[PDB]
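Q: Before I ask anything, here is the structure I am working with.
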Amino acid sequence: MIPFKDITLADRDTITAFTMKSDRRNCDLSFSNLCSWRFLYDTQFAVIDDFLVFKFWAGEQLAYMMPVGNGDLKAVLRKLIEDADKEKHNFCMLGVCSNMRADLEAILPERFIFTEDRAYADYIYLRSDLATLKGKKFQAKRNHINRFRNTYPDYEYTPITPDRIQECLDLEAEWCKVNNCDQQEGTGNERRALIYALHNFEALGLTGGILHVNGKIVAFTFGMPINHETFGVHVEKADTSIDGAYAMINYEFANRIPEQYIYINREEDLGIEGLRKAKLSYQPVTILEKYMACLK
Amino acid sequence: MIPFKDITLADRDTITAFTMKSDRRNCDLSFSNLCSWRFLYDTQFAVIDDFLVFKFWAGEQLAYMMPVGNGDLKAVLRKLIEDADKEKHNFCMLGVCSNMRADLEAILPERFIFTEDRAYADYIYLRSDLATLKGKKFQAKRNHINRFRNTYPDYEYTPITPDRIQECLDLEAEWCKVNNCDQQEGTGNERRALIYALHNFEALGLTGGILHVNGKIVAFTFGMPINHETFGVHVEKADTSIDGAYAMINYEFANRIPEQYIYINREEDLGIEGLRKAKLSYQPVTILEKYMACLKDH
Ligand SMILES: CC(C)(COP(=O)(O)OP(=O)(O)OC[C@H]1O[C@@H](n2cnc3c(N)ncnc32)[C@H](O)[C@@H]1OP(=O)(O)O)[C@H](O)C(=O)NCCC(=O)NCCS
């Protein structure tokens, strides 16, 4: 029996030892994302034949993350299929990128059914693009930040520190309530994941920023590295009454992301029309498809 | 500076080393309950100053359990208050039993406000009563068992084994369809805890039983020790169209609980009138009240 263990804060070194050196850019491999969503998926992990593997329960559905590492993929797949068999479920893997799909097909030709939903693709950008907003592609973004600067000349950006967390939580609840975000699917779950992240901010290895206008917090954002060259921005929330607050905090935080992080992953659009429009407006270099791969 | 960590399956030995030797009987100290409800409370623990301490987020309420162990209680409480200060919340402790409340008032007189909610009291029974149903006060219970045996003379009770986990999950799915766990907050939350327990049954240290009638599962139950002399029954579910199934599974499983567990803790009524009458009807020896102790100012 694979000795799957519940993921915890204390597993940060073990997990990032695999992910940081990997070529995997999927935001679901962020240590903060894995821990913060454990309440929903009863998330577990194991290291099997030099691969890091995650196991998730989503109601009736059992799924495993595409194994992270190098080594004998066939051997690890045999063990995961046996694990699914023990659970009396068909074997399904999530987070399979295009390269991973090719690797699976090579081991078990015709055995996997691959399904993809563009709602779940990640948007990846150049840090240099988001931090500088240089070039014609970013002209409107420059206009937004210049307009913000003109409207709110006394704004203040500060990094998130443990001392600033509870206010971020209180404010997030207030903003949601204004937009009646109760009545939007999934916001309760998103709130649980936000709370865990902010409560355990330092242990997780998150960094983040807060925007203030006229002496009050009006936006906050946080994230952490996904791999050696990709930083994930996991959350970005703002007081919707403040025009340009999203654009401004994006820009300020991008400039605090260490320069080794070539890429910034700002996650998925969830098939929401307005969100897809917003994420495409920042000119992603890659839209990172994620397949589910289920044994036939 | 308290190195709180998320509770996990792997922490079984660490936790139970403290709880088994303790005189704490409340069901919240079952290792299975601690892990299985983590999804709701983001539960963490630490050993500090020779005590085992737990930290929970009950929605907006930060809470700690009464420290488990022996040592300088005042020193450890000071550390927990400082932790609450860092969280920017008042310090409040849960599961303070009547005896633990007396201990607190001795070391720190008039420092705490104590509140109690009868909905959260645990029902504690003698294993000897539930396993035998002997005497006048258990006559109705014997009658239900006897009716069951007469109606279903070829029923089969089995322990929960790995190959039988799926039928328990199947019964739970049917029960939740009937009871609307998808929308009922309480039973939706119970479903999350029950399913975690079943999926991790052996790692947690749980034991359980299953009742079958006419070839299908009609009830299951599971639990594990809380301390050296108290066994906790965490879950009991039955197909409602089968009369006497709750009585029979209770009786069969009580007989499987090892004799060193003098007491059986069958948990709370949650202020639900039906559940309260059911739990009172089995004649508890103790209704274990649980206080919340909140620091008056600071
Ligand atoms: C609606 C009504 C039927 C609710 O009672 P009910 O669902 O029949 O009875 P309960 O909720 O006690 O029991 C339902 C089941 O869920 C269980 N249950 C309820 N809450 C639970 C919880 N938090 N955890 C685990 N089990 C729970 C009970 O044990 C019971 O199990 P069983 O059916 O397998 O024996 C009620 O009897 C009634 O009177 N109807 C109208 C009520 C009304 O108008 N209300 C005014 C309120 S002010």
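Numbering starts fresh at 1 for the residues of each chain in the structure tokens, the chains themselves are lettered A, B, ... in the order given, and ligands are numbered from 1 as they appear.
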Taking only C-alpha atoms and all ligand atoms into account, report as a list in words which residues have an atom no farther than 7 Å from an atom of ligand 1.
A: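 Selection of residues at most 7 Å from ligand 1: residues 179, 186, 187, 190, 237, 238, 239, 240, 270, 272, 273, 274 and 275 of chain B.
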Q: Contacts from chain A to chain B, 10 Å maximum, only C-alpha atoms: show me the residue list as a PyMOL selection string.
A: chain A and resi 3-10+35-42+44+57+59-60+86-88+162-163+165-166+192+195-196+199+203
Q: For segment 229-235 of chain A, work out the shell of residues within 8 Å, counting only C-alpha atoms and skipping chain neighbours fewer than 6 positions away, then give it as JSON, numbers by chain.
A: {"A": [25, 27, 30, 33, 194, 220, 221, 222, 223, 257, 260, 261, 262, 263, 264, 265, 266, 267]}
Q: Go ahead and save the residues from that selection, with N, CA and C atoms, as an mmCIF file, in the first residue's frame.
A:
```
data_model
loop_
_atom_site.group_PDB
_atom_site.id
_atom_site.type_symbol
_atom_site.label_atom_id
_atom_site.label_comp_id
_atom_site.auth_asym_id
_atom_site.auth_seq_id
_atom_site.Cartn_x
_atom_site.Cartn_y
_atom_site.Cartn_z
ATOM 1 N N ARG A 25 4.765 24.086 -14.595
ATOM 2 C CA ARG A 25 4.378 25.480 -14.342
ATOM 3 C C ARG A 25 2.929 25.627 -13.876
ATOM 4 N N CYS A 27 -0.278 26.055 -11.859
ATOM 5 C CA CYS A 27 -0.471 26.732 -10.540
ATOM 6 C C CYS A 27 -0.918 25.766 -9.442
ATOM 7 N N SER A 30 1.724 24.880 -6.776
ATOM 8 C CA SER A 30 2.112 25.790 -5.710
ATOM 9 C C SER A 30 1.863 25.127 -4.339
ATOM 10 N N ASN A 33 -1.232 26.640 -2.760
ATOM 11 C CA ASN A 33 -2.469 26.127 -3.350
ATOM 12 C C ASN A 33 -2.794 24.697 -2.862
ATOM 13 N N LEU A 194 -8.674 31.058 1.044
ATOM 14 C CA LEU A 194 -8.081 32.378 1.377
ATOM 15 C C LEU A 194 -7.682 32.507 2.845
ATOM 16 N N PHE A 220 -5.510 43.731 -2.110
ATOM 17 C CA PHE A 220 -4.348 42.947 -1.675
ATOM 18 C C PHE A 220 -4.113 41.794 -2.632
ATOM 19 N N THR A 221 -2.911 41.232 -2.605
ATOM 20 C CA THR A 221 -2.544 40.179 -3.568
ATOM 21 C C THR A 221 -1.468 39.330 -2.922
ATOM 22 N N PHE A 222 -1.420 38.040 -3.264
ATOM 23 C CA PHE A 222 -0.322 37.207 -2.778
ATOM 24 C C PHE A 222 -0.063 36.019 -3.674
ATOM 25 N N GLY A 223 1.098 35.400 -3.485
ATOM 26 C CA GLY A 223 1.448 34.207 -4.245
ATOM 27 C C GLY A 223 2.822 33.726 -3.825
ATOM 28 N N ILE A 257 8.291 40.701 -7.329
ATOM 29 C CA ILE A 257 8.589 39.302 -7.633
ATOM 30 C C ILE A 257 10.057 39.238 -8.080
ATOM 31 N N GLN A 260 14.481 36.150 -11.011
ATOM 32 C CA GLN A 260 14.663 34.760 -11.530
ATOM 33 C C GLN A 260 13.345 34.163 -12.056
ATOM 34 N N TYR A 261 12.231 34.720 -11.601
ATOM 35 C CA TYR A 261 10.896 34.216 -12.016
ATOM 36 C C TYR A 261 10.525 34.891 -13.331
ATOM 37 N N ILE A 262 11.019 34.289 -14.429
ATOM 38 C CA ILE A 262 10.786 34.712 -15.825
ATOM 39 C C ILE A 262 9.292 34.828 -16.106
ATOM 40 N N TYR A 263 8.560 33.845 -15.581
ATOM 41 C CA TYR A 263 7.118 33.713 -15.867
ATOM 42 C C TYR A 263 6.265 33.986 -14.634
ATOM 43 N N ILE A 264 5.087 34.564 -14.864
ATOM 44 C CA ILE A 264 4.091 34.746 -13.816
ATOM 45 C C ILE A 264 2.815 33.990 -14.209
ATOM 46 N N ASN A 265 2.349 33.104 -13.331
ATOM 47 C CA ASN A 265 1.149 32.322 -13.608
ATOM 48 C C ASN A 265 0.010 32.958 -12.810
ATOM 49 N N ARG A 266 -0.986 33.514 -13.503
ATOM 50 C CA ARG A 266 -2.121 34.126 -12.817
ATOM 51 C C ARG A 266 -3.389 33.246 -12.903
ATOM 52 N N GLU A 267 -3.189 31.944 -13.109
ATOM 53 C CA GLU A 267 -4.253 30.954 -12.938
ATOM 54 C C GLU A 267 -5.340 31.021 -14.018
#
```
Q: Pull the strand (DSSP E) assignments for segment 21-73 of chain B out of DSSP run on the backbone, and list those residues as an NGL selection string.
A: :B and (44-48 or 51-58 or 61-65 or 68-69)
Q: With only C-alpha atoms as the counted atoms, please give the residues lying no more than 8 Å from residue 284 of chain B, apart from itself and same-chain residues fewer than 3 positions off, as a PyMOL selection string.
A: chain B and resi 123-126+279-280+287
Q: From a DSSP pass on the backbone, collect the residues of segment 157-258 of chain A flagged as helix (DSSP H, G or I) and hand them back as a ChimeraX atom specification.
A: /A:162-178,187-199,201-204,245-256
Q: Just C-alpha atoms for this one: save the residues we selected as a CSV table (one decimal), in the first residue's frame.
A:
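Written output follows (out_20.csv):
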```
chain,number,residue,atom,x,y,z
A,162,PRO,CA,1.6,38.9,9.5
A,163,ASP,CA,0.5,42.1,11.3
A,164,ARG,CA,-1.6,43.2,8.3
A,165,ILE,CA,-3.4,39.8,7.7
A,166,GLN,CA,-6.6,40.0,9.7
A,167,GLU,CA,-7.5,43.4,8.2
A,168,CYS,CA,-7.1,41.8,4.7
A,169,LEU,CA,-9.5,39.1,5.8
A,170,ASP,CA,-12.1,41.5,7.2
A,171,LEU,CA,-12.0,43.6,4.1
A,172,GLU,CA,-12.3,40.7,1.7
A,173,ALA,CA,-15.5,39.7,3.5
A,174,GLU,CA,-16.8,43.3,3.3
A,175,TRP,CA,-16.0,43.5,-0.5
A,176,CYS,CA,-17.7,40.2,-1.3
A,177,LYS,CA,-20.7,41.2,0.7
A,178,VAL,CA,-21.0,44.4,-1.4
A,187,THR,CA,-17.0,31.6,-3.2
A,188,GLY,CA,-17.5,29.8,0.2
A,189,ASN,CA,-14.8,27.3,-0.8
A,190,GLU,CA,-12.6,30.1,-2.1
A,191,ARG,CA,-13.0,31.9,1.2
A,192,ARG,CA,-11.9,28.8,3.2
A,193,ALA,CA,-8.8,28.6,1.0
A,194,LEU,CA,-8.1,32.4,1.4
A,195,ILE,CA,-8.4,32.2,5.2
A,196,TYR,CA,-6.0,29.2,5.5
A,197,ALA,CA,-3.4,31.0,3.3
A,198,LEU,CA,-3.6,34.2,5.2
A,199,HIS,CA,-3.6,32.5,8.6
A,201,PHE,CA,1.1,33.1,5.4
A,202,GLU,CA,4.7,32.8,6.6
A,203,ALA,CA,4.8,29.0,7.1
A,204,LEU,CA,3.5,28.6,3.5
A,245,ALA,CA,-6.9,49.3,-8.1
A,246,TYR,CA,-6.5,45.8,-9.8
A,247,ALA,CA,-4.2,47.3,-12.4
A,248,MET,CA,-2.1,49.1,-9.8
A,249,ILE,CA,-1.6,46.3,-7.4
A,250,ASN,CA,-0.8,43.9,-10.2
A,251,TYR,CA,2.0,46.3,-11.4
A,252,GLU,CA,3.4,47.0,-7.9
A,253,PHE,CA,3.5,43.3,-6.9
A,254,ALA,CA,5.0,42.2,-10.2
A,255,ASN,CA,7.9,44.5,-9.5
A,256,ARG,CA,8.5,42.8,-6.1
```
Q: Could you jot down the atom CA of residue 260 of chain B to atom CA of residue 247 of chain B separation for me, Å, one decimal place?
A: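 Value for the atom CA of residue 260 of chain B-atom CA of residue 247 of chain B distance: 22.7 Å.
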Q: Would you kindly return, as a list in words, each protein, DNA or RNA residue with an atom no farther than 10 Å from any atom of residue 26 of chain A, considering only C-alpha atoms and excluding same-chain residues fewer than 4 positions away?
A: residues 30, 95, 96, 97, 121, 122, 123, 124, 226, 227, 230, 232, 265, 267, 288, 289 and 290 of chain A
Q: Tell me, in Å to one decimal, how far atom CA of residue 47 of chain B is from atom CA of residue 20 of chain B.
A: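 Distance reported for this atom pair: 15.4 Å.
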Q: Within 12 Å of residue 73 of chain B, counting only C-alpha atoms, which residues show up once you throw out same-chain ones fewer than 4 positions away? Write them as an MDAnalysis selection string, please.
A: chainID B and resid 48:53 66:69 77:80 100 103:108
Q: Please produce an output containing N, CA and C atoms for each residue in the selection, written as a CSV table (one decimal), in the first residue's frame.
A:
```csv
chain,number,residue,atom,x,y,z
B,48,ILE,N,3.9,21.7,23.9
B,48,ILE,CA,4.6,22.8,24.5
B,48,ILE,C,4.6,22.6,26.0
B,49,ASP,N,5.8,22.7,26.7
B,49,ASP,CA,5.9,22.6,28.1
B,49,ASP,C,5.3,21.3,28.7
B,50,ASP,N,5.5,20.1,28.0
B,50,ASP,CA,5.0,18.8,28.4
B,50,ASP,C,3.4,18.7,28.3
B,51,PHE,N,2.8,19.6,27.6
B,51,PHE,CA,1.3,19.5,27.3
B,51,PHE,C,1.1,19.4,25.8
B,52,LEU,N,0.0,18.7,25.5
B,52,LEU,CA,-0.5,18.6,24.1
B,52,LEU,C,-1.6,19.7,24.0
B,53,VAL,N,-1.4,20.6,23.0
B,53,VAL,CA,-2.4,21.7,22.8
B,53,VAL,C,-2.9,21.7,21.4
B,66,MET,N,-8.5,22.8,26.1
B,66,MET,CA,-7.9,22.7,27.4
B,66,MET,C,-6.6,21.8,27.2
B,67,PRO,N,-5.4,22.3,27.6
B,67,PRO,CA,-4.2,21.5,27.5
B,67,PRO,C,-4.3,20.1,28.1
B,68,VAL,N,-3.8,19.1,27.4
B,68,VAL,CA,-3.7,17.8,27.9
B,68,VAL,C,-2.3,17.4,28.4
B,69,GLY,N,-2.3,17.0,29.7
B,69,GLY,CA,-1.0,16.6,30.3
B,69,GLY,C,-0.8,17.1,31.7
B,77,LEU,N,-0.7,28.1,29.6
B,77,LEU,CA,-1.8,29.1,29.3
B,77,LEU,C,-1.3,30.5,28.9
B,78,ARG,N,-0.2,30.9,29.6
B,78,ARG,CA,0.4,32.2,29.2
B,78,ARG,C,0.9,32.1,27.8
B,79,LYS,N,1.5,31.0,27.4
B,79,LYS,CA,2.0,30.8,26.0
B,79,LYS,C,0.8,30.9,25.0
B,80,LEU,N,-0.3,30.2,25.4
B,80,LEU,CA,-1.5,30.2,24.5
B,80,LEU,C,-2.1,31.6,24.4
B,100,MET,N,-12.0,20.2,34.9
B,100,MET,CA,-11.0,21.1,34.4
B,100,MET,C,-11.3,22.6,34.7
B,103,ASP,N,-10.0,23.3,38.1
B,103,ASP,CA,-8.5,23.4,38.0
B,103,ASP,C,-8.1,24.9,37.6
B,104,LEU,N,-8.8,25.4,36.6
B,104,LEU,CA,-8.6,26.7,36.0
B,104,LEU,C,-8.9,27.8,37.1
B,105,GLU,N,-10.0,27.7,37.8
B,105,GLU,CA,-10.4,28.7,38.8
B,105,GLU,C,-9.5,28.7,40.0
B,106,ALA,N,-8.8,27.6,40.2
B,106,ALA,CA,-7.8,27.5,41.3
B,106,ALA,C,-6.5,28.3,40.9
B,107,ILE,N,-5.9,28.0,39.8
B,107,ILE,CA,-4.7,28.7,39.3
B,107,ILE,C,-4.9,30.1,38.9
B,108,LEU,N,-6.0,30.4,38.2
B,108,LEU,CA,-6.4,31.7,37.7
B,108,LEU,C,-7.8,32.2,38.1
```
Q: Determine, counting only C-alpha atoms, which protein, DNA and RNA residues have an atom within 12 Å of an atom of residue 114 of chain B; residues of the same chain fewer than 5 positions away are not included. Present the result as a PyMOL selection string.
A: chain B and resi 92-98+100-102+104-105+109+289-296
Q: Go through A:129, A:205, A:282, A:119 and flag the residue nearest residue 12 of chain A, using only C-alpha atoms for the distances.
A: A:205
